[PDB]
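Here's a solo chain for you in structure tokens, the form deposited in one PDB entry.
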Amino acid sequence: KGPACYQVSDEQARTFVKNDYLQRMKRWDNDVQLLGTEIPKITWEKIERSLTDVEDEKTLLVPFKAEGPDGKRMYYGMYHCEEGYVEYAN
């Protein structure tokens, strides 16, 4: 896991937040311009989750494809269930 907040200086926090914000702006804008829509159609791919020791799962990996008139993109949402957020990969 990352650092505890008390180990994170204001400067480190600002750097992390700026990196994250800029990267997000870039990524999401790019995906919109590529698909040609803000509201692509979503198609689902099979979810692989452990059939055993299921209480050990901290994350569900949900693959999907988004389709616009200009294009199509594959994603893997990794949904951290307890934290209530998703981070996306490709």
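Don't overthink the numbering: it's just position in the shown sequence, from 1.
Below: the form deposited in another entry, not depicted.
Rigid-part membership between this form and the one not shown is shared by residue 58 and residue 87 [C-alpha given to the better-fitting superposition]. Distance between the C-alpha atoms of residue 23 and residue 30: longer in the other entry than here (change of 3 Å or more).
In the other entry, the Cα positions of residue 26 and residue 37 lie at least 3 Å nearer to each other than in the form displayed.
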